[PDB]
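Read in order, the letters of the sequence shown correspond to residues 1 to 35 in the deposited numbering. Where is the CB? At the ideal position from N, CA and C, for every residue including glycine.
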Amino acid sequence: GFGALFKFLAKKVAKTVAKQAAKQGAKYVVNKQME
Numbered sequence: 001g002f003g004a005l006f007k008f009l010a011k012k013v014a015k016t017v018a019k020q021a022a023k024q025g026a027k028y029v030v031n032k033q034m035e
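#1: What span of residues does the alpha helix (DSSP H) with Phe-6 cover, start to end?
#2: Quick check on the DSSP output: the alpha helix (DSSP H) that includes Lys-15 runs from which residue to which?
#3: Just the Cα atoms here: how many angstroms apart are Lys-11 and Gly-1?
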């Protein structure tokens with residue numbers, strides 16, 4: 001019913017992630033290097 005979020009979330013969901021492109025770039029190696 002609410003098909004307006006497919007054009008409204010593109011301004012939100014695709015706004016914070018653009019800056020956090022490294023939030024998951026190093027997670028399985030950051031803790032592995034410590035070991």
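According to the structure shown:
#1: Where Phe-6 is concerned, the enclosing alpha helix (DSSP H) stretches over 5–8.
#2: Membership of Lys-15 in the alpha helix (DSSP H) is indicated by the continuous run 13–16.
#3: The alpha-carbon atoms of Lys-11 and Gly-1 are separated by roughly 20 Å.
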